[PDB]
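Shown below, as structure tokens, is a lone chain in the form deposited in one PDB entry; questions about how it binds or moves come after it.
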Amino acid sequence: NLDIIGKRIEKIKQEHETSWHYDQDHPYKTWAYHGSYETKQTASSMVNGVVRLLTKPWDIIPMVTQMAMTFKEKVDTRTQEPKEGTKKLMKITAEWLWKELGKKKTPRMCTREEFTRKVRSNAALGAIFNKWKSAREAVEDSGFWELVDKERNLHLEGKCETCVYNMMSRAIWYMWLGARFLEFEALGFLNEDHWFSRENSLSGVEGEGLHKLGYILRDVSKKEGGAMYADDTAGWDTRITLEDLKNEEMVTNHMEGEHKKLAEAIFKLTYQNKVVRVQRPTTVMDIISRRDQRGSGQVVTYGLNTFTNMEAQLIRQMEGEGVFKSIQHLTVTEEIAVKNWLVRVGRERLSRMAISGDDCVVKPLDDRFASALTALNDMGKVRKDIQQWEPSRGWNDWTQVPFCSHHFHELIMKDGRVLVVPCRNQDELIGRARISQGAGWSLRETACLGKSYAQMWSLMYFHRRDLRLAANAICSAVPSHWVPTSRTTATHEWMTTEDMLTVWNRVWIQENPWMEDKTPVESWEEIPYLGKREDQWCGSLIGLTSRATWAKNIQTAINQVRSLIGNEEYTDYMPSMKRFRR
């Protein structure tokens, strides 16, 4: 315990030596508590005026307007240690899964060079405000990298000074850039080298993109078996056990030299022991520790979640096929049976799943899976919104399965080629596009974010009548050459100034491995929509009076936004649609 966290604690204690107060009205049972010190301050969500002015009908839809306004008693919960048979099932499965993932990959260190280019084009890594302002600055100064070297040589010693979590079912723990770097050095390879790609991992979809996920679920649907199962876990990050963290760390068994020692230190000193600074209003800072749960960086969290989820689901599949009889204790003939199952059918059983971090779809061999709940509940992966021992509901149609906040439609083009397109309730799509994160944004920055949403809609949601119209209207109201932007970048093919019809053709035809005929599409009118009734089912306003006035007078809304931005070069995209083409 305190040998490993103490140094980190001693250090923070002294940076606030005229504050430290061992409180006894501290709200922690599950989190160990060490003391407190003085602090003050707080980050809300702003409306994007460009998107809102061009989506007026939605100004009266509460599902949209409410999204822009605004359980930490789930972080203070506790999960029992699995039984011995569960622990054996998990260790055997984890050992076998790292081997399979490593068959065609070489673990390796990520570089300062790599880390630096990352910071300069942004994929929200999670830094702090203070010695430097942004992370952009700290990365150019060689002082920083001496801070990073001091800590690096400490980790090689088996000690930690500065790797401390900052807390704010969404709980996000930011660290100072230097600790993020050391995390990236050691584990970045999982993401950077695509360990959870579908080609490499069979269950994974890392790098896949929203235009590929539907085709993937459909491929899983082809497999002979029972229903498709899509159980969400109640607070996945909060149910990661010390035993889960030890099975993840076995990736170090695949490493060597310095790398191996660097990865071991991250696992031992920052994941399997943790120090967090939490802001308490009654406003002070509480310095609390615990061994279990998830608090890596967002990107390592994703790969380790995918790994442990693949593992849980192969085991749930094992329980459904009667590979083992009780989680209480595995016999020796049962270890032999588990191992031989993995060797004989493990790759086939991985190909029956689509797993994105904590999210999964499984098409098991048959419907025994639905009531195979003992290992899943004993690993602590307790299902959301169903009684502990009530069997899982199954989906009989792959176009009804929820995955990554979406469902997928099968859509036949006038020439017979088949698109599998992503979809979610349209109020959700319009409500997110109306929101900007952070403040201090020019009218040009706001316009360029609107343009990003519009281009995403044209590429992923072209089949929704209201989104194709609104996308053409936003792209008509923002200057033709202004570059789309984002502040927390799935593959993002809409982030470009290329012609959207040209990107559509590349994404949906040329690069789509499910399309045998590569004949390009010549205009947007070749590109189909969902059926009118399906469009309404998924939240369209077609048939409403508000919507008919909006569409008919769209050029007046476009002209309102153009007048606000000013005298710039604009394109009329509205004639790409039949009803505005005269």
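Here, rigid core means the biggest group of C-alpha atoms that superpose within 1.5 Å across both forms. Sequential numbering from 1, following the sequence displayed.
Below, we turn to the form deposited in another entry, even though it does not appear here.
Fit the rigid core and compare the CA positions between the shown form and the other one: of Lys104, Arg393, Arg78, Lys414, just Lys414 moves by 2 angstroms or more.
In a rigid-core overlay of the protein, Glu335 has its C-alpha displaced by under 2 Å between the shown form and the other one. Core-superposed comparison between the shown form and the other one: the C-alpha position of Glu249 differs by less than 2 Å. In a rigid-core overlay of the protein, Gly235 has its C-alpha displaced by under 2 Å between the shown form and the other one. In the other form, the separation between the C-alpha atoms of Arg117 and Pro484 grows by 3 Å or more relative to the displayed form.
A shift of at least 3 angstroms brings the Cα atoms of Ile9 and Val299 nearer to each other in the other form than in the displayed structure.
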